[PDB]
Each structure stands twice: as C-alpha cells, then as structure tokens.
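What follows is a single structure, written as structure tokens, with notes after it.
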Amino acid sequence: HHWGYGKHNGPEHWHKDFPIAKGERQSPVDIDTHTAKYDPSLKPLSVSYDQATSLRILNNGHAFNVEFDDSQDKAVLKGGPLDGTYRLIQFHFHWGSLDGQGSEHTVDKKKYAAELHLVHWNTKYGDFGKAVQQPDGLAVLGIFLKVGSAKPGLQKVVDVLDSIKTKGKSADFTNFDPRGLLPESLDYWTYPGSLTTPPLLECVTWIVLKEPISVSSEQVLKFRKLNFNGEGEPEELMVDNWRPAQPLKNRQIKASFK
Ligand SMILES: NS(=O)(=O)c1cc(-c2nnn[nH]2)c(NCc2cccs2)cc1Cl
Ligand SMILES: [Zn+2]
C-alpha cells in the first residue's frame, strides 16, 4: 500500500508515512505574482548545459526520468539565489489528464498542463544522497508547459515513451540536449521548499521560470499514454502525477524581474 496519486494513496495520505508532508517548507506553492517581491540583489542565473551527457530514460512508476552523467561538472546551474555549483542529475515532468491541470506550482491559482523539473545537487556535499539531507542541497529549475505549438526539442523524448510504457522499463537515451527545453527568458521566481514527492525532504531551492514553453496537444497526449503499472498488470494511465499547492507559511517568494 505504497504512496502514489490514486484515490486511496494520493497526496492527502502521504503524511501518514511522511509526517514532514505538513512541514514548514513544503512544495509546491501558489505563486501570487502581486505578493512576490523583486529582489534586485539576485545575481543573474547561469544555465550551462552545452556539455550535458544524457544516459537513460526510466519509467519509475509515477513519472519518467531522463538521467545524466553527473560524475563531473558538465551540466551545471549557478547564480540567481544559489551559492556555489549545482550539477544536473535528471529531469522529469508532472502532467494532467486534461490541459487545464498538471502543473505543481500555480501562478495566481492558474494551473498549467504540465511542469518540467530539472533537478540539480550542490557539489559541496559530494553526492546526491548527502545533498538531500541539507537545507541547500538541491536546486530545481521548474518550467511550465502550455498546449499550443510543438516544442521541437521535446520530440526525441515523446518518441521514446512507447519503449518505457510501464513501471521499471528503461531505454538508452544518449546525446539529448536539455537546452532545447528552455524558454527564451530566464526571468524567475525563487523560494525555499521541498521535494514534491515522498520523502518530501526540505532540501530544495526552487527556481520557477516565468515564461512557459509551448508543447503540442499530440506531445502531451503521448505523456498520457504511459502507465503507472508494471508490465502484465491492469492498465492505469500515468496522468495527474502532481501534488497540489501547499501552505506558504513563513516564506517569501522573490522575483528576479520588475
Ligand atoms: N518533483 S521534485 O521535487 O523535483 C523531485 C522529484 C524526484 C523524483 N521523484 N521521483 N523520482 N525522482 C527527485 N529525484 C532525484 C533523483 C532521481 C534518481 C536519482 S536522484 C528529486 C526531486 Cl527534487
Ligand atoms: Zn518533480
């Protein structure tokens, strides 16, 4: 009876196994655009992905992860609110059953169709497992998806999903360039938060881009054909794998822009 996003094991249940679910810095949150303050002291954000080495794509039974070689400083996030160097380890998405829901963060209570999370760990802690035990251990770059024009840089991901339909399936996924998933502007909001999946550790600096990327209806429809189940089990479509907005509590959301 493990956590998930079903009727009986969804986000409202997670506190029973993970009491930090009701903690002081849980994610995601609603970004109230009128309450977020411009912080002119935020340094410019540095996304250095030209040397990124993608390795593999995995269906982990609640999303799919694109994993990178993070055994050296190739693909790194620096600047903005961050002290030091954060190495890209994986990206994944959250999405909906319908275009009107799917994102984890919301903007003035608006839900986007999906949300991309590029997960990075703080290299001063030496490995990801040590970093998630620290209040500044991770940095996640969050990017909203809206449905409209296709995102050409997403299609290589869409086209491999047929090969990882069910939980525990993986496929080689080399030479994927995550720069193709970025919007034009790097304007962002930032706040201290958590993992949005169990174990919900309070170890994340969130950096959420203001500009959404556009993907096509056909692209998001292919996300919704994945399965939560393993092979040879009753089909349960992988949709609505998002945690809703959590209380902001004693936190301020800072804007990089006026
Ligand atoms: N939604 S999120 O707050 O961005 C988050 C979600 C996951 C996730 N959910 N399920 N599987 N991974 C994650 N895993 C990191 C790694 C995966 C494998 C080796 S390290 C990290 C973060 Cl910060
Ligand atoms: Zn995520």
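If you're wondering about the labels, chains in the structure tokens are A, B, ... by order shown, residues count from 1 in each chain, ligands from 1 in order shown.
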For the interface of chain A with ligand 2 (cut-off 10 Å, counting only C-alpha atoms and all ligand atoms), please tabulate each contacting residue of chain A alongside its nearest pair of atoms and their separation in Å to one decimal, rows sorted by chain and increasing number, as a Markdown table.
```
| residue | atom | partner | partner_atom_place_in_ligand_line | distance |
| --- | --- | --- | --- | --- |
| A:27 | CA | ligand 2 | 1 (Zn) | 9.8 |
| A:28 | CA | ligand 2 | 1 (Zn) | 9.3 |
| A:63 | CA | ligand 2 | 1 (Zn) | 8.6 |
| A:65 | CA | ligand 2 | 1 (Zn) | 9.6 |
| A:91 | CA | ligand 2 | 1 (Zn) | 8.0 |
| A:92 | CA | ligand 2 | 1 (Zn) | 6.2 |
| A:93 | CA | ligand 2 | 1 (Zn) | 6.0 |
| A:94 | CA | ligand 2 | 1 (Zn) | 6.3 |
| A:103 | CA | ligand 2 | 1 (Zn) | 9.5 |
| A:104 | CA | ligand 2 | 1 (Zn) | 8.0 |
| A:115 | CA | ligand 2 | 1 (Zn) | 7.7 |
| A:116 | CA | ligand 2 | 1 (Zn) | 7.0 |
| A:117 | CA | ligand 2 | 1 (Zn) | 5.0 |
| A:118 | CA | ligand 2 | 1 (Zn) | 8.1 |
| A:119 | CA | ligand 2 | 1 (Zn) | 8.1 |
| A:140 | CA | ligand 2 | 1 (Zn) | 8.3 |
| A:141 | CA | ligand 2 | 1 (Zn) | 9.7 |
| A:142 | CA | ligand 2 | 1 (Zn) | 8.2 |
| A:195 | CA | ligand 2 | 1 (Zn) | 7.2 |
| A:196 | CA | ligand 2 | 1 (Zn) | 6.0 |
| A:197 | CA | ligand 2 | 1 (Zn) | 7.2 |
| A:241 | CA | ligand 2 | 1 (Zn) | 9.2 |
| A:242 | CA | ligand 2 | 1 (Zn) | 8.0 |
| A:243 | CA | ligand 2 | 1 (Zn) | 9.1 |
```
> Could you write out, as a list in words, all the residues of range 186-229 of chain A that DSSP marks as strand (DSSP E)?
Replying inline: residues 188, 189, 190, 191, 192, 193, 204, 205, 206, 207, 208, 209, 213, 214 and 215 of chain A
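Proximity ranking of A:112, A:124, A:83, A:157 relative to residue 43 in chain A places A:83 first, based on only C-alpha atoms.
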> So which residues touch residue 57 in chain A within 7 Å, counting only C-alpha atoms, skipping near sequence neighbours fewer than 2 positions away, as a list in words?
Replying inline: residues 64, 65, 66, 67, 170, 171, 172 and 173 of chain A
Would you export the selected residues with N, CA, C and O atoms as a PDB file, in the first residue's frame, please?
```pdb
ATOM      1  N   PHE A  64       8.485   9.743 -15.616  1.00  0.00           N
ATOM      2  CA  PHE A  64       9.708   9.232 -16.276  1.00  0.00           C
ATOM      3  C   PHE A  64      10.848  10.185 -16.027  1.00  0.00           C
ATOM      4  O   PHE A  64      10.643  11.416 -15.995  1.00  0.00           O
ATOM      5  N   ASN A  65      12.039   9.642 -15.801  1.00  0.00           N
ATOM      6  CA  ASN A  65      13.241  10.447 -15.519  1.00  0.00           C
ATOM      7  C   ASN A  65      14.178  10.317 -16.727  1.00  0.00           C
ATOM      8  O   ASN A  65      14.490   9.187 -17.142  1.00  0.00           O
ATOM      9  N   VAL A  66      14.700  11.433 -17.199  1.00  0.00           N
ATOM     10  CA  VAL A  66      15.894  11.467 -18.096  1.00  0.00           C
ATOM     11  C   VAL A  66      17.095  11.717 -17.204  1.00  0.00           C
ATOM     12  O   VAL A  66      17.187  12.770 -16.554  1.00  0.00           O
ATOM     13  N   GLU A  67      18.028  10.763 -17.167  1.00  0.00           N
ATOM     14  CA  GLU A  67      19.164  10.776 -16.253  1.00  0.00           C
ATOM     15  C   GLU A  67      20.423  11.202 -17.015  1.00  0.00           C
ATOM     16  O   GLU A  67      20.559  10.849 -18.226  1.00  0.00           O
ATOM     17  N   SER A 170      13.304   0.911 -18.843  1.00  0.00           N
ATOM     18  CA  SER A 170      14.301   1.966 -19.149  1.00  0.00           C
ATOM     19  C   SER A 170      14.781   1.773 -20.591  1.00  0.00           C
ATOM     20  O   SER A 170      14.609   0.645 -21.186  1.00  0.00           O
ATOM     21  N   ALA A 171      15.318   2.834 -21.180  1.00  0.00           N
ATOM     22  CA  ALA A 171      15.905   2.789 -22.539  1.00  0.00           C
ATOM     23  C   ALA A 171      17.115   3.709 -22.584  1.00  0.00           C
ATOM     24  O   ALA A 171      17.195   4.718 -21.888  1.00  0.00           O
ATOM     25  N   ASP A 172      18.094   3.318 -23.393  1.00  0.00           N
ATOM     26  CA  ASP A 172      19.265   4.183 -23.629  1.00  0.00           C
ATOM     27  C   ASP A 172      18.722   5.518 -24.140  1.00  0.00           C
ATOM     28  O   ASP A 172      17.761   5.530 -24.945  1.00  0.00           O
ATOM     29  N   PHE A 173      19.312   6.624 -23.688  1.00  0.00           N
ATOM     30  CA  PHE A 173      18.836   7.974 -24.080  1.00  0.00           C
ATOM     31  C   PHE A 173      20.007   8.938 -24.056  1.00  0.00           C
ATOM     32  O   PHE A 173      20.081   9.845 -23.258  1.00  0.00           O
TER      33      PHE A 173
END
```
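Counting only C-alpha atoms, residue 146 in chain A has the following residues at most 12 Å away, ignoring those fewer than 5 positions along the same chain: residues 95, 96, 98, 99, 100, 101, 102, 103, 110, 111, 112, 113, 114, 115, 116, 151, 183, 211, 212, 213, 214, 215, 216, 217, 219 and 220 of chain A.
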Could you save the residues just selected, with N, CA, C and O atoms, as a compact mmCIF listing (two decimals), in the first residue's frame?
```txt
# COMPACT_ATOMS: atom_id res chain seq x y z
N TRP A 95 2.21 16.02 -15.08
CA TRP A 95 1.19 16.42 -16.08
C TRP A 95 -0.18 15.92 -15.65
O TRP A 95 -0.36 15.12 -14.73
N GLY A 96 -1.16 16.39 -16.40
CA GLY A 96 -2.58 16.19 -16.11
C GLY A 96 -3.27 15.19 -17.03
O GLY A 96 -2.69 14.80 -18.02
N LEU A 98 -6.06 16.36 -18.36
CA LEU A 98 -6.71 17.38 -19.22
C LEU A 98 -5.74 18.55 -19.31
O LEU A 98 -4.95 18.75 -18.36
N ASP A 99 -5.85 19.41 -20.29
CA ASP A 99 -4.88 20.50 -20.47
C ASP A 99 -4.99 21.53 -19.35
O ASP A 99 -4.07 22.30 -19.19
N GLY A 100 -6.13 21.59 -18.66
CA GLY A 100 -6.34 22.60 -17.61
C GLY A 100 -5.74 22.24 -16.24
O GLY A 100 -5.97 23.00 -15.30
N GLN A 101 -4.95 21.16 -16.15
CA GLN A 101 -4.32 20.80 -14.86
C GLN A 101 -3.07 19.99 -15.20
O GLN A 101 -2.96 19.51 -16.32
N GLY A 102 -2.18 19.85 -14.22
CA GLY A 102 -0.95 19.07 -14.42
C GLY A 102 0.20 19.69 -13.70
O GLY A 102 1.13 18.96 -13.30
N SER A 103 0.30 21.02 -13.69
CA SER A 103 1.44 21.65 -13.00
C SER A 103 1.29 21.50 -11.49
O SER A 103 0.20 21.28 -10.95
N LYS A 110 -3.53 29.80 -11.36
CA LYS A 110 -3.57 29.18 -12.70
C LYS A 110 -2.74 27.89 -12.68
O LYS A 110 -1.55 27.89 -12.24
N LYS A 111 -3.33 26.81 -13.13
CA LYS A 111 -2.67 25.51 -13.39
C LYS A 111 -2.25 25.41 -14.85
O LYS A 111 -3.05 25.70 -15.75
N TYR A 112 -1.02 25.02 -15.10
CA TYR A 112 -0.56 24.74 -16.48
C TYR A 112 -0.77 23.24 -16.77
O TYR A 112 -1.08 22.46 -15.89
N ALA A 113 -0.64 22.85 -18.04
CA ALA A 113 -0.87 21.47 -18.49
C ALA A 113 0.18 20.53 -17.91
O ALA A 113 -0.05 19.30 -17.80
N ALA A 114 1.38 21.03 -17.69
CA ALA A 114 2.48 20.19 -17.19
C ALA A 114 3.54 21.11 -16.62
O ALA A 114 3.52 22.33 -16.76
N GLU A 115 4.52 20.48 -15.95
CA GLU A 115 5.65 21.20 -15.33
C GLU A 115 6.90 20.31 -15.42
O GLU A 115 6.82 19.13 -15.06
N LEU A 116 7.94 20.85 -16.01
CA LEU A 116 9.27 20.24 -16.12
C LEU A 116 10.12 20.63 -14.92
O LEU A 116 10.18 21.80 -14.60
N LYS A 151 6.96 21.75 -29.28
CA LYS A 151 8.34 22.06 -28.86
C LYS A 151 9.28 21.10 -29.56
O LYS A 151 9.33 19.91 -29.27
N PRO A 183 12.73 28.04 -22.20
CA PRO A 183 12.11 29.19 -22.87
C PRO A 183 13.19 30.21 -23.21
O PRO A 183 14.34 30.07 -22.87
N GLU A 211 8.33 32.34 -17.90
CA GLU A 211 7.88 32.09 -19.29
C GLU A 211 7.63 30.60 -19.46
O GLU A 211 8.59 29.80 -19.34
N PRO A 212 6.41 30.18 -19.78
CA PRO A 212 6.16 28.78 -20.08
C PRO A 212 6.72 28.41 -21.45
O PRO A 212 6.94 29.26 -22.31
N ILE A 213 6.98 27.12 -21.65
CA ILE A 213 7.23 26.61 -23.02
C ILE A 213 5.91 26.10 -23.56
O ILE A 213 5.00 25.70 -22.80
N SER A 214 5.80 26.15 -24.88
CA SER A 214 4.64 25.58 -25.60
C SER A 214 4.97 24.20 -26.12
O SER A 214 6.05 24.08 -26.73
N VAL A 215 4.09 23.24 -25.87
CA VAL A 215 4.17 21.88 -26.46
C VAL A 215 2.88 21.62 -27.22
O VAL A 215 1.85 22.28 -26.92
N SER A 216 2.84 20.65 -28.13
CA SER A 216 1.59 20.42 -28.89
C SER A 216 0.67 19.46 -28.16
O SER A 216 1.09 18.67 -27.28
N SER A 217 -0.60 19.50 -28.51
CA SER A 217 -1.58 18.54 -27.95
C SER A 217 -1.08 17.12 -28.20
O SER A 217 -1.16 16.30 -27.30
N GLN A 219 2.01 16.03 -28.42
CA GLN A 219 3.13 15.77 -27.48
C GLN A 219 2.63 15.40 -26.08
O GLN A 219 3.02 14.33 -25.56
N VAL A 220 1.69 16.14 -25.53
CA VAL A 220 1.22 15.85 -24.14
C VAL A 220 0.35 14.58 -24.17
O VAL A 220 0.37 13.86 -23.19
```
>> So the first atom is CA of residue 80 in chain A and the second is CA of residue 46 in chain A; what is the distance between them in Å, to one decimal place?
In response: 7.4 Å
> Any idea what the distance is between CA of residue 125 in chain A and CA of residue 203 in chain A?
Replying inline: 12.1 Å
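Shortest atom-to-atom contact with ligand 1 among A:48, A:174, A:166, A:205: A:205, counting only C-alpha atoms and all ligand atoms.
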Determine, counting only C-alpha atoms, which protein, DNA and RNA residues have an atom within 12 Å of an atom of residue 155 in chain A; residues of the same chain fewer than 4 positions away are not included. Present the result as a compact mmCIF listing (two decimals) with N, CA and C atoms, in the first residue's frame.
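As written to disk, around-v5.txt reads:
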```
# COMPACT_ATOMS: atom_id res chain seq x y z
N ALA A 150 4.09 22.93 -31.14
CA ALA A 150 5.01 21.86 -30.71
C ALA A 150 6.34 22.44 -30.24
N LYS A 151 6.96 21.75 -29.28
CA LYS A 151 8.34 22.06 -28.86
C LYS A 151 9.28 21.10 -29.56
N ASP A 159 9.17 10.55 -28.53
CA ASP A 159 9.25 9.41 -29.46
C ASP A 159 9.78 8.17 -28.75
N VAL A 160 10.47 8.28 -27.61
CA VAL A 160 10.99 7.07 -26.92
C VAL A 160 9.97 6.53 -25.89
N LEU A 161 8.88 7.24 -25.59
CA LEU A 161 7.99 6.86 -24.47
C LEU A 161 7.32 5.50 -24.73
N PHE A 176 20.97 13.69 -25.68
CA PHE A 176 19.80 14.59 -25.59
C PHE A 176 20.26 15.91 -24.99
N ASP A 177 19.91 17.02 -25.64
CA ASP A 177 20.38 18.37 -25.26
C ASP A 177 19.26 19.09 -24.53
N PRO A 178 19.35 19.24 -23.20
CA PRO A 178 18.24 19.84 -22.46
C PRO A 178 18.08 21.34 -22.73
N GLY A 180 17.19 22.48 -25.40
CA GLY A 180 16.01 22.54 -26.27
C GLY A 180 14.72 22.59 -25.49
N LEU A 181 14.77 22.49 -24.16
CA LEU A 181 13.53 22.54 -23.36
C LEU A 181 13.36 23.92 -22.71
N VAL A 215 4.09 23.24 -25.87
CA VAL A 215 4.17 21.88 -26.46
C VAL A 215 2.88 21.62 -27.22
N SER A 216 2.84 20.65 -28.13
CA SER A 216 1.59 20.42 -28.89
C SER A 216 0.67 19.46 -28.16
N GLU A 218 -0.50 16.82 -29.37
CA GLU A 218 -0.03 15.46 -29.68
C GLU A 218 1.12 15.08 -28.72
N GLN A 219 2.01 16.03 -28.42
CA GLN A 219 3.13 15.77 -27.48
C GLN A 219 2.63 15.40 -26.08
N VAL A 220 1.69 16.14 -25.53
CA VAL A 220 1.22 15.85 -24.14
C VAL A 220 0.35 14.58 -24.17
N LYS A 222 0.96 11.93 -25.74
CA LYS A 222 1.90 10.80 -25.64
C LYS A 222 2.34 10.66 -24.18
N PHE A 223 2.50 11.72 -23.41
CA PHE A 223 2.80 11.56 -21.97
C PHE A 223 1.67 10.75 -21.29
```
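Residues with any atom within 8 Å of residue 24 in chain A, counting only C-alpha atoms and excluding same-chain neighbours fewer than 3 positions away, are residues 248, 249 and 250 of chain A.
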>> Which of range 17-159 of chain A end up as alpha helix (DSSP H) when DSSP is run on this backbone - answer as a PyMOL selection string?
In response: chain A and resi 128-131+155-159
Written selection (N, CA and C atoms) as a CSV table (one decimal), in the first residue's frame:
```csv
chain,number,residue,atom,x,y,z
A,128,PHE,N,24.5,13.1,-4.2
A,128,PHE,CA,23.1,13.5,-4.1
A,128,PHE,C,22.5,13.1,-2.8
A,129,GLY,N,22.8,11.8,-2.4
A,129,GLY,CA,22.2,11.3,-1.1
A,129,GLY,C,22.6,12.2,0.1
A,130,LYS,N,23.8,12.7,0.2
A,130,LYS,CA,24.2,13.6,1.2
A,130,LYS,C,23.5,15.0,1.0
A,131,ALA,N,23.4,15.4,-0.2
A,131,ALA,CA,22.8,16.8,-0.5
A,131,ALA,C,21.4,16.8,0.0
A,155,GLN,N,10.6,16.5,-28.9
A,155,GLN,CA,10.0,15.3,-29.7
A,155,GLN,C,10.9,14.1,-29.4
A,156,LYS,N,12.2,14.2,-29.2
A,156,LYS,CA,13.1,13.0,-29.0
A,156,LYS,C,12.6,12.3,-27.7
A,157,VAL,N,12.1,13.1,-26.8
A,157,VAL,CA,11.6,12.4,-25.5
A,157,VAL,C,10.3,11.7,-25.8
A,158,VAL,N,9.3,12.4,-26.5
A,158,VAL,CA,8.0,11.9,-26.8
A,158,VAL,C,8.2,10.6,-27.6
A,159,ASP,N,9.2,10.6,-28.5
A,159,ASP,CA,9.3,9.4,-29.5
A,159,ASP,C,9.8,8.2,-28.7
```
